[PDB]
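# Inside the fold
Spelled out, the chains give:
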Amino acid sequence: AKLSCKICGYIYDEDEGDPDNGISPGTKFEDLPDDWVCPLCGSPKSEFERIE
Ligand SMILES: [Fe+3]
Ligand code: NA
Ligand code: NA
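In the PDB archive, X-ray crystallography is given as the structure determination method for this entry, at a resolution of 0.86 Å.

The name the PDB entry assigns to the chain is Rubredoxin, from the organism Pyrococcus abyssi. In its Function section, the UniProt entry covering the chain states "Rubredoxin is a small nonheme, iron protein lacking acid-labile sulfide. Its single Fe, chelated to 4 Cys, functions as an electron acceptor and may also stabilize the conformation of the molecule (By similarity)." Regarding the chain, the relevant UniProt record gives this comment under Sequence similarities: "Belongs to the rubredoxin family."

This is the structure:
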């Protein structure tokens, strides 16, 4: 699944992960650590929402 950051153009795709910051491809949103933030704008998990 994919989630948009409300605050910038970034999209977290679970099939991509966030590898530059230590999150492997295939990591589900539910499994991102509580201190994970948007790689571009620093917004927290509470500022992400599912998109298609
Ligand atoms: Fe962002
Ligand atoms: Na969790
Ligand atoms: Na970073």
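## Observations regarding the UniProt feature "binding site: Fe cation" in the chain
Taking the UniProt record as the reference, the feature "binding site: Fe cation" is found at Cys-5, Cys-8, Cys-38 and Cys-41. Spanning 37 residues, the named residues form one tight spatial group whose C-alpha atoms are at most 8.8 Å apart. Tracing the sequence through the fold places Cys-8 in the loop between β1 (2–5) and β2 (11–13). In contact with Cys-8, other than residues within four places in its own chain, are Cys-38, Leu-40 and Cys-41. The exposure class of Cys-41 is partly exposed, given its relative accessible area of 32%. If near-sequence neighbours (up to four positions away) are discounted, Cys-41 is found in contact with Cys-5, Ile-7 and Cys-8.

## Considerations on the environment of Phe-48
Inspection of the secondary structure puts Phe-48 in strand β3 (residues 48–51). The class for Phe-48 is buried, based on a relative accessible area of 9%. Not counting residues within four places of it along the chain, the set of residues in contact with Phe-48 comprises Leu-3, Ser-4, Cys-5, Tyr-10, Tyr-12, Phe-29, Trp-36, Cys-38 and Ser-43.

## Focus on the coordination of the iron ion (ligand 1)
Looking at the metal site, the iron ion (ligand 1) is ligated by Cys-5 (SG), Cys-8 (SG), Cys-38 (SG) and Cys-41 (SG), spaced 2.3 Å from it. Mapped onto the polypeptide sequence, the residues donating to the iron ion (ligand 1) form the spacing pattern C-x2-C-x29-C-x2-C. Taken as a pair, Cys-8 in the loop between β1 and β2 and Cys-38 in the loop between β2 and β3 lie far apart in primary sequence, 30 residues in all. With a relative accessible area of 24%, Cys-8 lands in the partly exposed category.

Cut-offs applied
- Residues numbered from 1 in each chain as written, not as in the entry; some residues may be left out.
- Chains lettered and ligands numbered in written order.
- Heavy atoms only, no water.
- UniProt positions renumbered as here; feature names shortened; annotations may be inferred.
- Helix = DSSP H or I, 4+ residues; strand = E, 2+ residues; numbered from the N terminus.
- Contact = heavy atoms within 4.5 Å.
- Buried < 20%, exposed > 50% of the residue type's maximum accessible area, 1.4 Å probe, protein only.
- Donors = N, O, S within 2.8 Å, 3.2 Å for Na, K, Ca; no water.

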